[PDB]
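Asks: Got a structure for you, questions after.
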Amino acid sequence: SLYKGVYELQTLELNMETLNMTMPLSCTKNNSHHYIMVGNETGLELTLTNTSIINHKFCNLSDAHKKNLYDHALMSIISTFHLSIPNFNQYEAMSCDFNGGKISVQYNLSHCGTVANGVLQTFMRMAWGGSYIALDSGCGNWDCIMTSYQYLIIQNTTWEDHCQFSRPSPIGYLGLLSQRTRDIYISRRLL
Amino acid sequence: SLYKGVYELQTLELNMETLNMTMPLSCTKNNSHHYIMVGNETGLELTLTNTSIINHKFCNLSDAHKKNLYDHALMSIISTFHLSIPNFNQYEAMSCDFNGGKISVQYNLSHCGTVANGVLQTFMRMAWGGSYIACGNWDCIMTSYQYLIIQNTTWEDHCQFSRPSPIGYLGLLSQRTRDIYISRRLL
Amino acid sequence: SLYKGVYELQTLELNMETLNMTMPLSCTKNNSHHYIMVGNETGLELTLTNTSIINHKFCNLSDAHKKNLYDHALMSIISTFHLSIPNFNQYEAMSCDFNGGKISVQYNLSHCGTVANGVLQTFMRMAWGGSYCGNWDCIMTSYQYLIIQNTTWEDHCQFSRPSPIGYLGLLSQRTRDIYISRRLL
Amino acid sequence: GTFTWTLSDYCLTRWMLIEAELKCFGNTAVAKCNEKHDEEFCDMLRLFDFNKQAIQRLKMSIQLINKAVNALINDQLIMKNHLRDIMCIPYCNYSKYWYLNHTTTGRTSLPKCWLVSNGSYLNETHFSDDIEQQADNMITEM
Amino acid sequence: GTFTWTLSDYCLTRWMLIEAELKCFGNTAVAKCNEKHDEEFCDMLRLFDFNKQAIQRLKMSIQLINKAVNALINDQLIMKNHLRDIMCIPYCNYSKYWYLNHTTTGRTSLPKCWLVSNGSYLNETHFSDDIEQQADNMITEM
Amino acid sequence: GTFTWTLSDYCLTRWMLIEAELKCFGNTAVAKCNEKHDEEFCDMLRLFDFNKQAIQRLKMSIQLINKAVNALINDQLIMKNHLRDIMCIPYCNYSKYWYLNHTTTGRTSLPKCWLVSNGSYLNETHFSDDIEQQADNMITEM
Ligand SMILES: *[C@@H]1O[C@H](CO)[C@@H](O[C@@H]2O[C@H](CO)[C@@H](O[C@@H]3O[C@H](CO[C@H]4O[C@H](CO)[C@@H](O)[C@H](O)[C@@H]4O)[C@@H](O)[C@H](O[C@H]4O[C@H](CO)[C@@H](O)[C@H](O)[C@@H]4O)[C@@H]3O)[C@H](O)[C@H]2NC(C)=O)[C@H](O)[C@H]1NC(C)=O
Ligand SMILES: *[C@@H]1O[C@H](CO[C@@H]2O[C@@H](C)[C@@H](O)[C@@H](O)[C@@H]2O)[C@@H](O[C@@H]2O[C@H](CO)[C@@H](O[C@@H]3O[C@H](CO[C@H]4O[C@H](CO)[C@@H](O)[C@H](O)[C@@H]4O)[C@@H](O)[C@H](O)[C@@H]3O)[C@H](O)[C@H]2NC(C)=O)[C@H](O)[C@H]1NC(C)=O
Ligand SMILES: *[C@@H]1O[C@H](CO[C@@H]2O[C@@H](C)[C@@H](O)[C@@H](O)[C@@H]2O)[C@@H](O[C@@H]2O[C@H](CO)[C@@H](O)[C@H](O)[C@H]2NC(C)=O)[C@H](O)[C@H]1NC(C)=O
Ligand SMILES: *[C@@H]1O[C@H](CO)[C@@H](O[C@@H]2O[C@H](CO)[C@@H](O)[C@H](O)[C@H]2NC(C)=O)[C@H](O)[C@H]1NC(C)=O
Ligand SMILES: *[C@@H]1O[C@H](CO)[C@@H](O[C@@H]2O[C@H](CO)[C@@H](O)[C@H](O)[C@H]2NC(C)=O)[C@H](O)[C@H]1NC(C)=O
Ligand SMILES: *[C@@H]1O[C@H](CO)[C@@H](O[C@@H]2O[C@H](CO)[C@@H](O)[C@H](O)[C@H]2NC(C)=O)[C@H](O)[C@H]1NC(C)=O
Ligand SMILES: *[C@@H]1O[C@H](CO)[C@@H](O[C@@H]2O[C@H](CO)[C@@H](O)[C@H](O)[C@H]2NC(C)=O)[C@H](O)[C@H]1NC(C)=O
Ligand SMILES: *[C@@H]1O[C@H](CO)[C@@H](O[C@@H]2O[C@H](CO)[C@@H](O)[C@H](O)[C@H]2NC(C)=O)[C@H](O)[C@H]1NC(C)=O
Ligand SMILES: *[C@@H]1O[C@H](CO)[C@@H](O)[C@H](O)[C@H]1NC(C)=O
Ligand SMILES: *[C@@H]1O[C@H](CO)[C@@H](O)[C@H](O)[C@H]1NC(C)=O
Ligand SMILES: *[C@@H]1O[C@H](CO)[C@@H](O)[C@H](O)[C@H]1NC(C)=O
Ligand SMILES: *[C@@H]1O[C@H](CO)[C@@H](O)[C@H](O)[C@H]1NC(C)=O
Ligand SMILES: *[C@@H]1O[C@H](CO)[C@@H](O)[C@H](O)[C@H]1NC(C)=O
Ligand SMILES: *[C@@H]1O[C@H](CO)[C@@H](O)[C@H](O)[C@H]1NC(C)=O
Ligand SMILES: *[C@@H]1O[C@H](CO)[C@@H](O)[C@H](O)[C@H]1NC(C)=O
Ligand SMILES: *[C@@H]1O[C@H](CO)[C@@H](O)[C@H](O)[C@H]1NC(C)=O
Ligand SMILES: *[C@@H]1O[C@H](CO)[C@@H](O)[C@H](O)[C@H]1NC(C)=O
Ligand SMILES: *[C@@H]1O[C@H](CO)[C@@H](O)[C@H](O)[C@H]1NC(C)=O
Ligand SMILES: *[C@@H]1O[C@H](CO)[C@@H](O)[C@H](O)[C@H]1NC(C)=O
Ligand SMILES: *[C@@H]1O[C@H](CO)[C@@H](O)[C@H](O)[C@H]1NC(C)=O
Ligand SMILES: *[C@@H]1O[C@H](CO)[C@@H](O)[C@H](O)[C@H]1NC(C)=O
Ligand SMILES: *[C@@H]1O[C@H](CO)[C@@H](O)[C@H](O)[C@H]1NC(C)=O
Ligand SMILES: *[C@@H]1O[C@H](CO)[C@@H](O)[C@H](O)[C@H]1NC(C)=O
Ligand SMILES: *[C@@H]1O[C@H](CO)[C@@H](O)[C@H](O)[C@H]1NC(C)=O
Ligand SMILES: *[C@@H]1O[C@H](CO)[C@@H](O)[C@H](O)[C@H]1NC(C)=O
Ligand SMILES: *[C@@H]1O[C@H](CO)[C@@H](O)[C@H](O)[C@H]1NC(C)=O
Ligand SMILES: *[C@@H]1O[C@H](CO)[C@@H](O)[C@H](O)[C@H]1NC(C)=O
Ligand SMILES: *[C@@H]1O[C@H](CO)[C@@H](O)[C@H](O)[C@H]1NC(C)=O
Ligand SMILES: *[C@@H]1O[C@H](CO)[C@@H](O)[C@H](O)[C@H]1NC(C)=O
Ligand SMILES: *[C@@H]1O[C@H](CO)[C@@H](O)[C@H](O)[C@H]1NC(C)=O
Ligand SMILES: *[C@@H]1O[C@H](CO)[C@@H](O)[C@H](O)[C@H]1NC(C)=O
Ligand SMILES: *[C@@H]1O[C@H](CO)[C@@H](O)[C@H](O)[C@H]1NC(C)=O
């Protein structure tokens, strides 16, 4: 028990729920949702479903910026997600609706070296504690990440105490900032 | 300064004009007018004014790259500034005027969390001295001046009030691409 | 062979082909050519020459992403190359010609301090060994065009020993010095 | 870059700790964070530091964190632990932290992660070597 | 990415300072710059050495310093000073620096930057405890 | 970012070198790799270490290295070497290394890399002073 007699071990345990206001916190529920807090009240909803809700291949992102009805911190989190996606080439997959200030993004996940593997890698990095349940990936299989669910819907939401599987943790998101614009393909000559 | 009876304090005030040739130097003559002298060559001159200079919403920037008349250092610094804005989501605020390599940009500023907040937030970091005079809040801040103009001017003694130093510009290099919103589906 | 007292000079040199699997490895071969291998199968063929293999100025880059007939690592390497130019203002200097997975990209290289300066700077940082002292504002290599194309791997290099260090160098600095193009990024 | 945030004068409380109360560390122990670069405890105390200095002295804007993430933590250690999780090597999800204590005068090591291997916390038998290293490094106080 | 630039010669030059003096520092004190990260004087001195080398031997372009800044100065130190600035806690000007000179034997500790608040420096009363700690470290070097 | 990646318990292999027969260093020799921010040798062992784990644990693509660059090796040392390459002084290609093993025991100095000059390896006479300083530090360590 006691090492060298004099020394006795004691342990320290952290409450991450106090980190809500300063920076966002991610936590897991229901095997598909993986909700995230931005602050005290609101947040995003990182759900995986078979059912689509954006049936159109349009985004109107520039118009969404122009209208400015959305909330700024939420779209900051969406951008931190998007630029952190490694090796993003297809565009017709991701379908996003920003009308009325709602934040909705629907990544289409439908040979593993595709958009799906990248977006799910970024997904599990954001929701670090409690995302193995989402992925049928295996151990060390960073090449091929796959999941039975065919879509990834990011949605604005109120909070309502959604953490039911894993505790709050900012570590995935906080570690995910540095990957933004770290692996991105060119799209124009004069970027 | 008698400390311990054995030691003494000797201050060390560093001249900073020696760094003129290698990196830009930041000064603040007025409470408002910041200055960014790259060297004895022409350098940037940042102003807060109510008087406009552009009066048109177009920023033919790709055309300016095509003609390629602007000085490279000035375009590097202004690109650093524009990318260093924490949250830019209104394209209408920016308004440029490029002709024969002239550098002329205007940010329109007009309750919180808008483009004016981020633009001015980056503006105070070009120089720490002389900016804060223009603590309780920093994320949500505004100033009565309506327009932020950026011009090129020759180097005169524009460093009367604040000491020259490269601290702000060197600070912003890492933050250049730190916070950008997606504006296109495929970047 | 004792230098100081009872301490002798002994040396070891690292194999670098043993590091083949993970990241790209860069060689030189001749004075002009410089080469990259992504593993033991395929690689990139950074050539400097007078002859222009492709003539048209277009670069259908979004279409190349759309068809997805490319190899991901190869175009990732050229994306790191192109993004890492210091100041790429003359947008028409490049010529891509993506078609059926081909990566036959070209850079035009025609007082000083033009786009060719930045292109040769990124070139010499890419293939560190044998890119060749005071000139930094104006490199201005005599060769008139730079070309990048995919190549089936073979023994393409014996002159300069392989090393990833140039690519790890350029891996950083991907988005510094780049000029703004669109008003609202 | 590298972390630069200084730790304000660093004893914790129940307001920032889940079960224990008034866990207070000696100044000499927390002083190790200035030198060392590859441990998680320093990142957690930097986080909690500007948490206190943000809820106080200022008035959910995330931009303040989007700028100073590298000054205030070391992301590369988080990414290292993520690679450990992919490799299924034992890792640290930044939850439970162990250390050595003795009540004769109350000296304490700078805490280290209690690694997690199977998804449950790793028993002390597996990492007995590292705690032994910390123990026989503690005795070097002369 | 941590800074790596090992300075070359450190003995200060008259031009570098505002009042022309032959200030000069012992190698033992300046050697701490290679290992310590949070220091301000070391980063400015690295910038000054870089400017000296560039203006001396290399034949203006911003790309050089824009790519090589993080070898010379840890940008996150500037970030930390900005965080101190936005709070009413005193921040570092990078302008005036202080140190304890041992007049008799001539040895000298590594200088630290004099803090500033509300446009004026602190006249040896708000941070005299820091000077006392530095003097204690100097005694520890004996 | 820092060099958060650790070295698995360390010994170089025949396949990993040419004309080398299981040359392997002591634990105290590599102990400074968790502290030194300017060492090329420690970077190279970290590199070959993550590679050994990559084949022998992980299941080609470039995503893994591009993720892991700044936890593994500080990039700015490479920029430093390139910077010294343009300034015409000797730089380092990370190819050939030099070290001093004690005749009567296996305790060995930490290798520092051979310097190259204009595509040709620098002569022993130019950095004999550096070797002398290394030997002085080593006998001081004894
Ligand atoms: C990093 O990794 C570690 C190790 O994986 C995590 O630590 C554990 O996290 C899990 C998350 O679920 C915790 O599990 C929950 O603990 C609750 C409290 O435990 C009480 O009940 C158990 C019953 O055996 C007692 O042994 C224990 O002493 C306590 O009395 C449980 O109550 C939870 O299950 C039950 O309660 C919930 C809520 O009422 C119900 O919904 C369930 O149906 C069920 O009745 C659950 O077991 C676990 O306690 C943590 N500790 C351990 C053992 O490692 C960290 O959370 C993780 N951190 C991060 C940031 O990733
Ligand atoms: C979300 O949707 C995915 C995708 O499912 C496809 O797309 C949707 C929109 C529908 O059109 C589906 O019909 C499409 O398949 C679902 O993933 C699927 O999961 C199932 C299992 O849950 C997979 O089934 C397979 O079984 C194959 C073997 O043949 C099967 O049928 C024969 C004949 O009865 C039977 O004998 C055999 O035993 C099998 O049952 C097998 O070869 C294959 O590899 C796989 O195991 C299916 O392939 C998956 N693909 C797809 C695209 O869905 C998700 O399940 C769904 N979510 C939820 C919660 O249901
Ligand atoms: C997404 O945008 C498309 C394209 O609309 C254009 O861009 C907009 C920003 C705005 O300036 C429009 O006037 C432009 O035409 C929208 O598709 C249009 O839908 C309308 C209404 O049904 C139809 O009349 C147009 O013909 C459509 N144009 C095209 C090119 O398909 C689409 O509705 C937008 N989606 C949302 C959710 O707003
Ligand atoms: C969100 O986190 C805060 C801490 O950041 C939690 O604690 C409250 O914090 C405020 C100041 O921000 C204090 O005035 C309160 O006294 C704190 N309360 C408690 C119980 O500690 C806060 O409770 C968290 N919010 C939610 C909804 O859980
Ligand atoms: C720009 O900085 C350079 C040095 O980097 C200064 O040049 C020095 O000027 C002094 C003036 O007394 C001379 O004694 C030195 O010999 C000069 N040094 C060199 C290397 O030329 C120059 O004065 C600075 N200019 C301004 C306007 O601050
Ligand atoms: C890239 O897209 C452009 C879009 O204009 C294509 O240009 C046309 O290509 C067709 C192909 O049949 C030619 O017949 C036309 O003459 C081209 N237009 C002009 C104005 O010359 C181009 O072919 C596409 N491919 C490439 C490699 O650029
Ligand atoms: C995680 O759990 C697995 C399954 O229980 C453990 O695997 C075995 O661990 C025992 C420990 O005595 C070893 O003897 C076996 O060789 C292991 N088997 C395999 C297939 O690996 C594993 O050790 C656990 N992880 C730990 C303790 O870190
Ligand atoms: C500490 O004080 C001593 C004593 O004044 C300084 O020594 C002087 O050094 C200058 C050059 O720097 C010489 O010109 C003087 O003649 C020296 N004086 C004496 C009495 O020897 C020393 O430089 C000071 N050190 C620092 C770091 O400021
Ligand atoms: C939980 O998951 C099920 C299946 O996806 C879904 O029907 C249900 O609405 C979810 N409930 C919540 C809110 O977690
Ligand atoms: C935080 O949330 C709670 C519940 O929504 C609310 O009562 C409180 O006013 C909010 N603000 C703070 C800082 O507590
Ligand atoms: C975001 O989500 C909430 C709940 O879905 C909804 O009330 C709101 O309209 C959406 N956008 C805004 C304006 O908050
Ligand atoms: C998603 O992609 C699949 C690929 O087969 C396609 O059939 C489907 O229509 C797409 N769905 C949406 C909502 O874009
Ligand atoms: C600003 O500078 C101008 C000269 O450029 C001067 O006339 C004016 O008084 C200064 N101060 C202001 C406007 O506060
Ligand atoms: C500034 O540098 C230029 C170019 O070398 C030189 O002609 C001039 O005399 C210098 N000093 C000034 C303008 O004060
Ligand atoms: C700035 O925007 C406001 C919006 O009302 C407008 O009145 C003003 O004229 C604009 N300034 C310029 C220079 O366009
Ligand atoms: C910018 O380009 C547009 C293209 O239509 C042109 O009409 C406008 O006059 C240009 N503006 C300036 C200031 O040159
Ligand atoms: C630094 O000190 C000088 C002393 O004159 C002062 O002019 C300058 O404004 C100070 N800068 C800051 C940022 O405090
Ligand atoms: C500029 O106009 C604004 C808006 O009316 C006013 O508050 C301000 O005093 C005016 N003058 C200056 C110098 O900003
Ligand atoms: C800005 O640069 C242009 C380049 O043509 C020059 O003509 C102009 O005079 C400069 N502006 C000032 C105010 O000197
Ligand atoms: C390629 O990589 C394998 C696995 O690491 C290694 O054993 C082999 O020697 C390497 N071969 C060459 C030709 O580089
Ligand atoms: C370059 O390599 C080519 C391979 O075809 C060879 O013919 C030539 O001699 C080399 N040297 C040059 C172009 O200087
Ligand atoms: C390359 O090395 C791999 C290692 O798995 C081997 O399977 C493959 O055959 C090798 N290719 C060549 C062309 O030697
Ligand atoms: C390049 O890739 C294409 C498409 O896979 C292939 O046909 C060709 O052989 C490769 N090599 C060259 C030299 O084009
Ligand atoms: C390169 O540019 C020159 C003009 O600078 C032009 O004559 C030549 O045709 C171009 N070559 C290409 C695009 O291959
Ligand atoms: C060590 O144990 C003593 C027992 O009284 C306690 O006061 C002290 O806080 C403990 N150390 C830590 C770091 O909690
Ligand atoms: C660790 O392992 C030992 C030996 O099997 C066992 O007795 C003990 O209960 C385990 N757990 C702890 C917390 O020591
Ligand atoms: C700062 O100095 C100004 C000078 O006008 C003074 O009015 C103000 O009260 C000072 N603030 C503090 C906090 O001392
Ligand atoms: C510092 O200098 C000022 C100069 O006015 C003096 O009044 C003050 O007493 C001095 N000491 C302090 C502030 O401790
Ligand atoms: C130890 O020195 C011996 C002397 O024969 C030499 O063979 C060996 O390489 C050295 N080993 C190390 C690890 O330095
Ligand atoms: C530099 O390169 C030249 C090339 O001729 C070579 O002779 C010389 O030895 C190299 N080293 C030095 C120090 O000049
Ligand atoms: C080391 O420099 C020599 C100089 O001859 C060169 O052959 C070798 O490629 C360099 N090593 C590298 C780049 O790994
Ligand atoms: C290095 O210089 C010495 C000077 O005596 C000479 O003997 C030797 O041959 C030179 N070259 C080497 C050791 O490679």
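As a convention, Cβ positions derive from the backbone with ideal geometry for all residues, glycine included, and neighbour counts pool all protein chains shown. What follows is calculated from the coordinates using simple rules that are stated; it is not laboratory data.
Asks: Show the residues, 5+ positions off or on another chain, whose built amide H is closer than 5 Å to the amide H of C:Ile103.
Replies: C:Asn150
Asks: Moving to a separate point now. From the square roots a ≥ b ≥ c of the eigenvalues of the alpha-carbon gyration tensor of region C:1-68, which class results: rounded (a/c under 1.5), prolate (a/b over b/c), or oblate?
Replies: Here region C:1-68 falls in the prolate category.
Asks: What FRET efficiency comes out for the pair A:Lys29/A:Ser62, r = Cβ-Cβ distance, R0 = 30 Å, nearest 0.05?
Replies: In this case the efficiency is close to 0.30.
Asks: Let me ask you something else. What's the magnitude of the charge dipole for the protein assembly as shown around its Cα centre, counting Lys and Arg as +1 and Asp and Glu as -1 at the beta-carbon? Answer in Debye, nearest 20.
Replies: 2360
Asks: Across region E:68-83, in residue order, what do the Karplus-derived ³J(HN,Hα) couplings come to in whole Hz, using 6.51 cos²θ - 1.76 cosθ + 1.60 with θ = phi - 60° and x for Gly and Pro?
Replies: These are the phi-based 3J(HN,Hα) values: 9, 5, 6, 6, 8, 10, 5, 4, 5, 5, 5, 4, 5, 5, 5, 4 Hz.
Asks: Per-residue mean of other chain beta-carbon atoms within 10 angstrom of the beta-carbon, peptide A:17-29?
Replies: 4
Asks: Quick one: grab the alpha carbon gyration tensor of the protein assembly as shown, order the square roots of its eigenvalues as a ≥ b ≥ c, and give me rounded if a/c is under 1.5, else prolate or oblate depending on whether a/b is larger than b/c.
Replies: rounded
Asks: Continuing with this model, one more query. So what are the three principal axis dimensions of chain F from its Cα atoms, in whole Å, longest to shortest?
Replies: Taking max minus min along each principal axis of the Cα atoms, chain F gives 46, 41, 31 Å.
Asks: May I have the count of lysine pairs in region F:27-141 with C-alpha atoms under 22 Å apart, counting pairs 8 or more residues apart or located on different chains?
Replies: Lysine pairs satisfying the spacing and distance rule in region F:27-141 number 14.
Asks: Also, I was wondering about something else. By the gyration tensor of its Cα atoms, with a ≥ b ≥ c the square roots of the eigenvalues, what is the shape of chain C: rounded for a/c under 1.5, prolate for a/b over b/c, or oblate?
Replies: Note, shape of chain C comes out prolate.
Asks: Could I ask something else about it? For chain C, what is the charge dipole size about the Cα centre, in debye to the nearest 20, if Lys and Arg each add +1 at the Cβ and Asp and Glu each add -1 at the Cβ? Walk me through the intermediate numbers first.
Replies: Details: 12 positive and 13 negative charges, 124 e Å.
Dipole about the Cα centre, nearest 20: 600 debye.
Asks: Once the dipole of chain D is set up with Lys and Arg at +1 and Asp and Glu at -1 on Cβ about the Cα centre, which of D:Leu115, D:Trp5, D:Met79 lies farthest towards its positive end?
Replies: The Cα lying farthest towards the positive end belongs to D:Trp5.
Asks: Might you report the magnitude of the Cβ-based charge dipole of region B:117-183 about its Cα centre, with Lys and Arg at +1 and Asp and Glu at -1, to the nearest 20 debye?
Replies: Using only the charged Cβ atoms, the result is roughly 160 debye.
Asks: Now for a different question. Which residue, chosen from C:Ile165, C:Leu146, C:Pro86, occupies the Cα position most advanced towards the positive end of the dipole of region C:26-171, where the dipole is computed from +1 (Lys, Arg) and -1 (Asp, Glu) charges on Cβ about the Cα centre?
Replies: Checked the options; the winner is C:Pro86.
Asks: Quick one: if you stick a label point 7 Å off each Cα along the C-beta vector at F:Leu22 and B:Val6, how many nm between them?
Replies: In this crude label model, F:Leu22 to B:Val6 measures out at 5.5 nm.
Asks: Further, regarding this structure: For the charge dipole of region E:27-141, defined by +1 on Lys and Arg C-beta atoms and -1 on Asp and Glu C-beta atoms about the Cα centroid, which residue among E:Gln56, E:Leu100, E:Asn34 has the Cα displaced farthest towards the positive pole?
Replies: With unit charges placed on the Cβ atoms, the residue in question is E:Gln56.
Asks: Okay, helix-only estimate at 222 nm for chain F: each DSSP H run of n ≥ 4 adds -39500 (n - 2.57), divide by all residues, round to 500 deg cm²/dmol; what do you get?
Replies: Theoretical 222 nm ellipticity from helices: -12500 deg cm²/dmol.
Asks: Within a 10 angstrom radius of each residue's Cβ in D:129-141, how many Cβ atoms of other chains show up on average? Whole number is fine.
Replies: That works out to 2 on average.
Asks: When the helix-only estimate is applied to chain A (DSSP H runs of n ≥ 4, each -39,500 (n - 2.57), divided by the residue count), what is the mean residue ellipticity at 222 nm, nearest 500 deg cm²/dmol?
Replies: The helix-only estimate for chain A comes to -5500 deg cm²/dmol at 222 nm.
Asks: Return the distance in nm (one decimal) between the two label points of a simple spin-label model at A:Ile133 and B:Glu17, each offset 7 Å from Cα along Cα→Cβ.
Replies: Between A:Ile133 and B:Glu17, the label points sit 6.7 nm apart.
Asks: Smallest Cβ-to-axis distance in chain D, for the rotation taking D to E: which residue, how many Å?
Replies: D:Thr2, 3
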